[PDB]
């Protein structure tokens, strides 16, 4: 039925009508959609890509130096094949940007990301609004829902990785859905290795240049009372290309209260986003009582 690839700028022209419905359709039947002409200068994306990869290589050169020294201590000879090429770090943008405080980063690099973080936040809120429109909600409803008190939690995960040694290794690998609100993914190359589960079958995200892959989390499923479901996915390092990935998450504020939009209404539960994340980090059952309640439910 074809993965929805969408040109954002068309929501400013005569085709808006058709474009707005690709979004609606993608939202209800895919949980994902790939964006192009999304507004982020191909200039900025390239600069973000070149600088990220640079920081990475510097970390790796330093990582091998340490590896050799550490291995020697144990009378072992460190080879390059002993290297751990995986490296990931996060950047908080909202409600508080720790970008100025993240370790070993160039100031020119910090400013690039400071700006990218701002452009993505803007793109995130436009998409949220276009969703409201397709949903029949007032403008900024979702942005408001996510506000809580201090505002929404926007951050970026920056990963660098080698390819998976052999595809068969990704066999029993569990899949999942994102617990947050809306996710904006930016990758290098054309082929990500990202796949979503549609109708019990795995579907590849079409390789596009300078695209931003967008996907909905569990919070939007609750807020839409099921209209838009969060889909299961997995990214698998392709010997092909994609070896860098910047996954930015735009989630509700810690204290935000999630519940199906009254107008959008079985019914979904109401709750503080934070309880949902604690139900996640298993911090909800270190107590006897809850456990006894959990078992009583089943």
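Positions refer to the first chain, counted from 1.
Extent of unmodelled deposited sequence, residue 266 relative to residue 265: In the deposited sequence, 4 to 9 residues between these two have no coordinates.
Stretch with the higher entry mean CA B-factor, where the candidates are 276-284 and 16-24: Here the higher of the two C-alpha B-factor means belongs to 276-284.
49-57 versus 27-35 - greater average Cα B-factor per the deposited record: That would be 49-57.
152, 162, 226, 181, ranked by C-alpha B-factor: the highest one: Among 152, 162, 226, 181, the PDB entry lists the largest C-alpha B-factor for 152.
Given 80, 127, 105, 216, the residue at which the Cα B factor reaches its maximum: If I rank 80, 127, 105, 216 by C-alpha B-factor, first place goes to 105.
Where the record places residue 261 (Cα B-factor, split into thirds across the chain): Its C-alpha B-factor, which the entry lists for residue 261, ranks in the middle third among residues of this chain.
Chain thirds of CA B-factor: placement of residue 139: Middle third, going by the recorded CA B-factors of the chain.
CA B-factor placement of residue 116, once the chain's modelled residues are sorted into thirds: For residue 116, whose C-alpha B-factor we compare with every modelled residue in the chain, the answer is the highest third.
Residue 220 CA temperature factor, ranked by third within the chain: CA B-factor rank for residue 220: lowest third.
Chain-relative CA temperature factor third for residue 239: Its C-alpha B-factor, which the entry lists for residue 239, ranks in the highest third among residues of this chain.
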